[PDB]
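Mind looking over this structure? Questions follow.
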Amino acid sequence: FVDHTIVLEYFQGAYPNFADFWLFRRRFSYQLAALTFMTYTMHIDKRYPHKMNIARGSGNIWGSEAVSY
Amino acid sequence: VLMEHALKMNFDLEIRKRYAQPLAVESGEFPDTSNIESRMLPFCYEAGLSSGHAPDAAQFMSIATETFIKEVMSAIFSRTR
Amino acid sequence: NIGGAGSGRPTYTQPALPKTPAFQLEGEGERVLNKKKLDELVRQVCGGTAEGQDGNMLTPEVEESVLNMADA
Amino acid sequence: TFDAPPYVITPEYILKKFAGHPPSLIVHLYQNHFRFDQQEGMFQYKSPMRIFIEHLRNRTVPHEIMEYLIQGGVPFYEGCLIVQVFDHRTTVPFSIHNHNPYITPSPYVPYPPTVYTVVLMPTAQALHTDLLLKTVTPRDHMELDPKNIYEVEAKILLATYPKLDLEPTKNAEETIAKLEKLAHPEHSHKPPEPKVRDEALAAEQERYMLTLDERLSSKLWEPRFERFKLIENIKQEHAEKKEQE
Amino acid sequence: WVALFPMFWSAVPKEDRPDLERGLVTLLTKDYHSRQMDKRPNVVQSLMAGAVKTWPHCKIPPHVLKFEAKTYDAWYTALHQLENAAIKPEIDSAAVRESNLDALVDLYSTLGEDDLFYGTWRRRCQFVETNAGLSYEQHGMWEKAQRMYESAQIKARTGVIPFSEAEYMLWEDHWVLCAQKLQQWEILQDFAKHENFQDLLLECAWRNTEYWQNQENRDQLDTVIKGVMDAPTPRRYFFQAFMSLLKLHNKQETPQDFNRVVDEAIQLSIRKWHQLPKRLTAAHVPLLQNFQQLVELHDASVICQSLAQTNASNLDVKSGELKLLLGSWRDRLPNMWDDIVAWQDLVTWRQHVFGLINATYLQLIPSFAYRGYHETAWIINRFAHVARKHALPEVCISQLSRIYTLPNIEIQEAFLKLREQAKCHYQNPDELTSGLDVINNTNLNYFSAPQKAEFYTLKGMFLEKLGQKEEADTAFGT
C-alpha cells in the first residue's frame, strides 16, 4: 500500500520551479531538527501524523498539541 | 665535473619538472607542440629568463624538428635506393 | 587560470569570464596521430608507397634511433 | 694482509664463512610495492627503484646507490652483500548509499611468509664508483688526490687477485683445454634475442560523460607526502629557533 | 521554448539521439554567447532548462552544466540534475560517479553551503580520521581538525591500505585552511614562499604592518601584485587599490589615477554581484563586506590627503576634524556571528590606517597627536572580546598580551588597559596561579570606584571556587 516516495512526490509536484523546491527543502531540514530536539527532550508522546503542520509558503513546521507526558 | 658525475620566487621548483614528462623513446610518440611546450619553461628558468618565452615558439620548434628529421631521413635514403 | 594553486581540486575554495578548457568530442585521438606521425614522415620522404602496404618502413632498431635523434 | 677470495665466489662459501652475522639488508615484498625494515614509506615496482629489483634478480651490487648505502653504514662481506627477503606477496565505490557505523542508513537500501637469503656479487662498476666517490669526499683536504688513483687501484687489484695462471702452453689443443677449464659462470651466458615491436560503445559513453573534466579526463599516481614533510621541517625549525628566545 | 522542447525531443528516433546530444553540447560551448552575459533571459539558460526538464532521456556531462551555470546564472537548473544523478546514476561506472560528485561538491562550495559540503564529503571518504576531521571542522573546532588531518596523513604514509587522490588533496587544503583560521601566519608565509603560492604570499605579507613602510619591500611587493593581475578578481583589485593608496600617500601619484583604480574595482564587484541568484543567499555576504571596504578605502584616501595638506603648514587643528570621521568609523562593524577572517581583515586595515596617521603625526611634535594608539587599543580590545565569544583558544589571550608595550600613557589608554585587565578573568579551570598573583598585587585601585568594585567582585568569585567562603563574602561585601 504505502511506499517511501509519497511526500517527496507531492512536494516535487507542488513546486513547478526548482529554486523554490530547493529553498523549501533547505529550510525544512533545519525546522525538522529543531522540532526533533524540542520533542525529544521534553517527552512529548503522541506525535500522530495529523499533528505536524508544514507551511508550503516558507517551510516552517509547527507541532500542535504539545504537552509533556 | 667530478661533482656533477658523482618577496622572492623559488626558481628551483619549476626546473625539476623537466624530468616528469617521458621522453619520446620512452613512450613512442613523436614530439609535438604539447611536449615541446612542457619542456620549454625549465630551460628558460635555468638560464635566468624570468619572463618566459614568446607565445608562438612551440609551433616554430615543432616545425624545425620536423624539418631536421625529414632532411636526415632523405639523406640516408638517397645513397641506398 | 593564474595563481599556481592548481585547478580541478575538489576542496573548499574568481574572474568575471574564465576561458573554456579544450576538449574533443570524438575522433582518432592524439595517441594514434602521434604514433602515425613517424610513418607519415617516412611516406613523405620515401617518395611513395604502393597499395596494400604501409607503416612498416623502418625496422624496430631504427625507430629508436630516430626518436633519440629528435629528443637530443 | 687479508684473506683473498677464491677464483669463483658462490653463495654457499660466503654464507658459511660469515654465518652468524647480521644480514646486510632486509626487504619486504607486497602485491605492488616493497619497503625496507626501518623504512616508513614504500616503493612501487614501476617507480625508478625498479633497478634494485633488477639487480636482485641478476645478483649484482647496485652501484647506483653506493653513496646512499655508504651514508647508512651498510655492512659488506668480502665486497659482497647478504639480503633477506620476506614474501608477503603470496562496496560499490563512490556510491552514497554505502553504510558505515559512523554514517546514517540512507533510505535506498534494505537495511544494514617465506624467507630467503641471497648474496650479491661485486663488479668493476662498483670499484670505479668507489674510487670516484673517494676522489670527491673532503677529509690535502680531499680524501684522495686524482694523481694517486692509479697506484691505489694497482694495490687494490694486487690484493684482490694474489695468484694468476702463468704456465705456457705448447699447441692449440692445450690452449683450447685451458680456455674450457677456466670458464666462468658469470661470463657464460647466451647471446640475446633480437628486439621486437561491443565494449567500444561503453568506452565511448564513459569518455563522453567525462567531458570537460579537468583532472580525471587525462587519466582516462605515486604519493610522496612532500608538502607534509616540508611543513614538519619548517615547524621543527621554528620551534628550535623559539627555543633560543 | 521550455514547453516545446520536450515534446519535439520525444519524437527523435532512439537510434539517433547521441548525434543530437553531441551537437547540443557543441552548441552550448560556443564563443559568441559572451555577447549575452548580462541579458537575463538568454539562450544558455533556456537551452539548459529544456535539456534538464527531460534528464533521463537527454544526458549532458555534469561539468558542462557546472561550467555554464557559474557564468550564465543557471545554478539551480544545474543542481537539479547534478544531485538527482547521485541517487540514480545514469551509467554504472566508478569514474562517472566520482566526476558527478566532484562537480556537485564544487557547486556547493561556490554557493557557500558549508553543511551540505561536509555532509556530501562525509559519505564519500574512506578513512575514519577524515570523517572525524570533517565533523570537527563543521562545529568550529579547528585544532582538533588539524590534529585529525595530521594523524590521517601519518597513517596513510604506511601504504598498507589504498586510498584516492581526492582525500590526498583534501588533507592538505583543509590543513592550510585550519591554519589560516588559527592565525598561524608565521609558518604559512614561508610555506607559501617555498611552494610558489602568490595569493597566499600576498595574504601573509598584508598582515605585517611595518613590512609596507620600507621602499624596497614595497617595490618588491609591487612586482608580485603586477604579476598576479592578468586574471583580475575582487581581492587582487583590492590589493592593487591599497598599493595605489600607499603610493599616493608618498607624493608618487595623482589622485585621479587612484580614483580610476577604485572605479575599476567597483565595476568588477558589481559585475560579480550580478551573476549570483536574485534572492539573498549566503554567497552575498563577502561582497557586502567588499562594498564596505571600498567605501572605507575612499574615506581613508581623503583622510591622508587632508592630513598631508593641512600638516604641510604645521596646523595642529585638524585633530578635531579627524575626530568626527573616526567616530563615524567606530560604528561600522560586522555582526558578532560573522566569520573570524572578516574581523581579522577589519582590524588589519584599521591598524594600517592608524599607523599611517601616527607616522605622520609623530614627526611633528618634536595628547592631541596620540589618537592612533587609542584607536588601535580600542579595536584590539573589541576584536579580543569577539574572538573570546568565538571560543578561540589563546587568540583572545594572544591579542590581549601582544599589547603589553604601548607608549603615551593617557587616560583613555589607561582606562582601556584596566578594561583589558578586568577581561583577563575568563572564569576557566586550572587558572588559579594567575588569579592568585593578581590578587597579590596589580597596579592601583584608586582610578574609579566601579572599576575597583568589579575587581573586588571578580576576586571574590575567584575565591568562591577555592572554597574561601568568608574571604569572598567580605570581599564582595566591601
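A, B, C, D and E label the chains in the order they appear, each numbered from 1.
Keep this in mind: contacts are C-beta pairs under 8 Å (C-beta built on N, C-alpha and C of every residue); 3 or more make two chains touch, one makes a residue touch a chain.
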item: Contact-richer chain pair [B-D vs B-C]; value: B-C
item: Innermost chain, where centres are averages of C-alpha coordinates; value: E
item: Distance from the mean Cα position of subunit E to that of subunit D, given in whole angstrom; value: 49
item: Separation of subunit B from subunit E, taking each centre as the mean of its C-alpha atoms, in whole Å; value: 43
item: Inter-chain centre distance, subunit A versus subunit E - centres from mean C-alpha coordinates, in Å; value: 35
item: Shared interface positions of subunit D, touching two or more other chains; value: 208, 211-214
item: Touching chain combinations (by label order); value: A-E, B-C, B-D, B-E, C-D, C-E, D-E
item: Contact set on subunit E toward subunit A in their complex; value: 76-77, 79-80, 277, 279
item: Subunit D contact footprint on subunit B (complex, rising order); value: 2-3, 5-6
item: Of all residues in subunit B, those that touch subunit C in their complex; value: 23-25, 28-32, 65-66, 69-70, 72-74, 77
item: Sites on subunit E touched by subunit B in the complex; value: 193-196, 201, 205, 220-221, 224
item: Residues of subunit D touching subunit E in the complex; value: 33, 35, 40-42, 93-96, 98, 102-103, 108, 205-206, 208-214, 216, 220-221, 223, 225, 227-228, 230-231, 234-235, 238
